[PDB]
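Single-structure report; data block below.
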């Protein structure tokens, strides 16, 4: 598997 | 809540 | 090994009674002495406990603050000081002894002293 | 700023060709030099990359072991040594330059040297 | 008929360790082997192997995050076992407990087996100081289980499961020799000589059991003895690469029993070590804990008659001290060693290590 | 255009922290404030308040359990903020980014705000040596979020979420004075005096940009100069409670340019610091990391004109050294300071601390 | 909260040579830390079982306890005329220790 | 594994004054680390977009990129006669860097 790491999201006006 | 701790189980012949 | 106790009797409501439990045959640092009362016509109930090896004392929520337990380690005796005896405190109080290392039930009991209020 | 490259041509199959890429206008430690080949009538493909600031080199799986990339830091040039040129290695090889701090695409390219087997 | 078995699960839930016991008794000739069962789903590690490790470590500081000189960790013994895929048959075919656990759990169970060596120390914990914001140094036993492609692979917090065990000793059946000692302190020219004798009633005492010392003083000289002071000392010997001994008094009894010149004296004192009046003392040795349960004073560490090297970890010992206080000097004392244990139930030279040794020598004294 | 936002979730999957940035730039007069959003479900907490903490800590050793002299941790700055229940209005109403995040996430969002102080050091990391089994000392910034009944309550691994940030600086817009130096070394009685002059072409150099030194030698004396050796030195000044300075050479250029007596000499050397041939050196300072990715050599720690205290963490500086080698002694040298930085983008006296200071002084030297 | 211990049946009648089983329901999943006491009318209680299965020394072998999850049961193999008294089920895993409401064995 | 980058449509025709939009499907959830290149027939490629939205210096403003999850799109607001060439979609988040199969804009 993999390790719970950081991630990203999108933001709009 | 409570945290993940050690527990027990039963064993028979 | 005996747990002879004394001090019970009749006390006016709001007064004070002091129970003494004089142990023999064992030591106060290898055992913890508990007090259990039997309400008239009702099952047993735990009230106090003292552990002279660690120095901890415990009380029931219904007797907390009113009851103070202490032991005289030189005389191998335990004392229960009761303050402001209410109407519901009447019972027969048993002095019990349980092993310190480790707890395996109240294997030795006293003989009971009747406490009454009016 | 130009990426002059040479060394391409015709090589017998199973032989070796040496591509040299001579840069100017920038430095070899502030940039990483990549090699990209364009198969005839087919899209681009990345083959090698060298980072002279860190000392790492990378190769594609299809050219790994056969290709060795190195740079002469004093001459500000990069070299690609291709060994055992198989039939599928024919393409036009572009010398590309990308920023080291930090990577923002291959903003400078060479002019392409044809390689045939 | 029924028996209890201990169980802990991985945070992800796909890995579980079964242990028949948590406290393993040492018999001074053999140690109870650590035999257990590992439950795992083969599809979970589609290609990773399963390893379990038994580790004993000299540690310091708390367990999570100290803003201090955090844990100096020095493993004293390391063992590795591959639960899945199975290893060769030895040591032995699976034992009765392992067989019963496998029957209970089915084919999804895998046994693991560790034999603790004889010379490893017991589990003890030094009492933290009232000023420090974290627990003090101590040695403990611990078991881990994880799945990884290789032993050198990094740890996985979400996958591995960590379980704590203990190593304990119990009082030997046979009695020991009666502890007794004597000492004489004669004056300048007189054949008269101050002489005291102290002795115990047994050599082994249970926890909370009182100690009787029979002090016998023969002061035929011309000086007067003012007091007799009796103390019980705990000796915590720490051996990492150098040997450091620390003494902690745990009980004192003093009575103003003056002795007249040219006359004898005899008394039988009573003393009892306990933890009630020792919670503020730094460097007091206590028995190992599972989580944070209360523990008595550390039991004495005894070594077999063939005590060849055995010097790792923390070693605890007790001694009763009798001292006579005399006017204008003339102090005379004797010491009576004894062992304190529970009855048996019946149902390198790395730089940082030298730095830590210096730090511990500074801190404890 | 779209805006990217960084987020991380608690292992239990409830607590989540949103951050608009990971690298916060210092402008030598103000620091970019740390503004974020904490998402939580109020039913999951029942009476457990939500706290977020920003911490910068001087560390040692790896993140996991090291069998060594593990992390000496000393928090240089601590801040506490209560996300839920809401805190009073200041500092200011929620900013534009916070408003947008709350609009995106709804009423489950809660803003938190931290103003990093100006005197805090940047994020740097000392390079571990090949002999160590773990990463070396360094200073880093970190953010935590957790739910608890009180601040003094112990942390929970399953509930808390931990996130790493960095503090960075960029090259100032204005240029600096020309770095130049001179030195004379005259002989016993001759008015003739050995004279060398070295200078740089600029005062600020970008990472990977070469350095030009215009060494000018005026040796009117009767002795012969054998070689000129030019070096670039990195100065890592560690300040915990005493200022310990360590020097590391990162680049050297040597040419056999002998100088005849009573004659001048002039040359323009070239030198470039880089990390390719510096991976075996212990104590080399590198820029901070969010993960185990590669980073360049540590940028110089510029200090504003109002250098009041500013002494914490690791402070990095660079100097170019020019040295003339003369037969039978007579060494003469000059040093040219410079600053190395990235261009601006367009888009307590506790004993263990003294012990660790001694340990670091011993190990690094 | 305080762990209440429910003990049933409250009252029963038996005969010499019969089997008697007393159930004891724990409100929370305690360990085998349950003890059984006997009390004749007028006397002090008397320990019979500890650790929910271990027989106290001096107690006749006809007394036998057991555990099934949180169900603790006291079993008498063959009732004797001495066993007519009140039996209490006590848990001592968590402070405060709580006693059952009591069960009296009668002719 | 190697992150394949699917670029569609492969071939298209347009007119001066029309809009052209080229999609680019990433097989794995890379970040905005995607760059767009242009190559005329016979010349070397030319960087247009980096970070999937930032416009390269000197590129006319009619070129504009975008990101939608893993969908990267190149948009031309008003096609000029200089835009007839082949456009490539490259990801550089993970080594090896992979190029799209190419799209040619024609009259």
(message) So, residue F:360, is that one closer than 15 Å to residue F:74 by Cβ and either in the same structural domain as residue F:272 (by CATH) or not in a loop (DSSP other than H, G, I, E, B) (or both) or not?
(response) yes
(message) Can you tell me which residue is nearest to the chain's Cα centre (by Cα) among those in segment D:26-40 that are within 13 Å of chain F (Cβ to nearest Cβ) and part of a loop (DSSP other than H, G, I, E, B)?
(response) D:28
(message) Is it the case, given these coordinates, that residue E:13 is more than 20 Å from residue E:110 (Cβ to Cβ) and more than 29 Å from the chain's Cα centre (by Cα)?
(response) no
(request) Would you mind stating whether residue E:301 is facing another protein chain (nearest Cβ under 10 Å) and either part of a loop (DSSP other than H, G, I, E, B) or under 19 Å from residue E:339 (Cβ atoms) (or both)? (result) no
(request) Within segment E:48-76, count every residue that is assigned to a strand (DSSP E or B), within 26 Å of residue F:154 (Cβ to Cβ) and more than 9 Å from chain F (Cβ to nearest Cβ). (result) 4
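When you look at residue E:307, is it part of a loop (DSSP other than H, G, I, E, B), within 20 Å of residue E:238 (Cα to Cα) and not assigned by CATH to the domain that holds residue E:243, yes or no?
No; evaluated as a whole, the condition is false for this residue.
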(request) Report, by residue number, each residue of segment F:5-31 that is over 15 Å from residue A:7 (Cα atoms) and in a loop (DSSP other than H, G, I, E, B). (result) F:12, F:14, F:27, F:28, F:29, F:30
(message) What are the pairs with Cβ atoms under 7 angstrom where one residue, in segment F:332-344, is within 14 Å of chain D (Cβ to nearest Cβ) and the other, located anywhere, is in a strand (DSSP E or B)? Sequence gap at least six, or different chains.
(response) F:340/F:205; F:340/F:318; F:341/F:204
(message) Take residue H:68 and tell me if it is within 11 Å of another protein chain (Cβ to nearest Cβ), closer than 19 Å to residue H:9 by Cβ and surrounded by fewer than 16 Cβ atoms within 10 Å (Cβ to Cβ).
(response) yes
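Select from segment E:250-261 the residues that are surrounded by 14 or more Cβ atoms within 10 Å (Cβ to Cβ) and in a strand (DSSP E or B) and list them in ascending order.
Within segment E:250-261, E:250, E:251, E:253, E:259 qualify.
Table: residues versus (1) in the same structural domain as residue E:21 (by CATH); (2) loosely packed, with under 13 Cβ neighbours inside 10 Å; (3) touching a strand residue (DSSP E or B) at 6+ places or on another chain (Cβ under 7 Å); (4) part of a loop (DSSP other than H, G, I, E, B).
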| residue | (1), (2), (3), (4) |
| --- | --- |
| E:189 | no, yes, no, yes |
| E:207 | no, no, yes, yes |
| E:221 | no, no, yes, yes |
| E:238 | no, no, yes, no |
| E:248 | no, no, yes, no |
| E:286 | no, no, yes, no |
(request) State which residue is farthest from the chain's Cα centre (by Cα) when the search covers only segment H:1-32 and only residues that are buried (at least 20 other Cβ atoms within 10 Å of the Cβ) and under 17 Å from residue D:36 (Cβ atoms). (result) H:5
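Among the residues of segment F:120-144 satisfying the criterion of being part of a loop (DSSP other than H, G, I, E, B) and touching a strand residue (DSSP E or B) at 6+ places or on another chain (Cβ under 9 Å), which is farthest from residue F:307 (Cα to Cα)?
Across segment F:120-144, the extreme among qualifying residues is F:135.
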(request) Could you please find all residues in segment G:37-62 being under 17 Å from residue C:98 (Cα atoms), part of a loop (DSSP other than H, G, I, E, B), more than 8 Å from chain C (Cβ to nearest Cβ) and under 13 Å from the mean Cα position of the chain (by Cα)? (result) G:52
(message) If I filter segment F:77-88 for residues that are surrounded by fewer than 19 Cβ atoms within 10 Å (Cβ to Cβ) and within 14 Å of chain E (Cβ to nearest Cβ), do I get at least one hit?
(response) yes
(request) Please work out which one of (1) under 27 Å from residue B:10 (Cα atoms); (2) in the same structural domain as residue E:134 (by CATH); (3) not in a helix (DSSP H, G or I) is the condition residue E:1 fails and give its number. (result) (2)
(message) Every residue in segment D:83-108 that is farther than 28 Å from residue F:295 by Cβ, part of a strand (DSSP E or B) and more than 10 Å from the chain's Cα centre (by Cα), please.
(response) D:83, D:91, D:92
(message) For segment F:32-47: of the residues being within 11 Å of another protein chain (Cβ to nearest Cβ) and in a loop (DSSP other than H, G, I, E, B), which is surrounded by the fewest Cβ atoms within 10 Å (Cβ to Cβ)?
(response) F:46
(request) Take segment F:84-99 and flag every residue that is more than 16 Å from residue F:33 (Cβ to Cβ) and touching a strand residue (DSSP E or B) at 6+ places or on another chain (Cβ under 6 Å). (result) F:84
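We place every Cβ from the backbone using ideal geometry, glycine too, and count neighbours over all the protein chains shown. Basis: the model, the stated rules and, where named, an outside source; these are not laboratory values.
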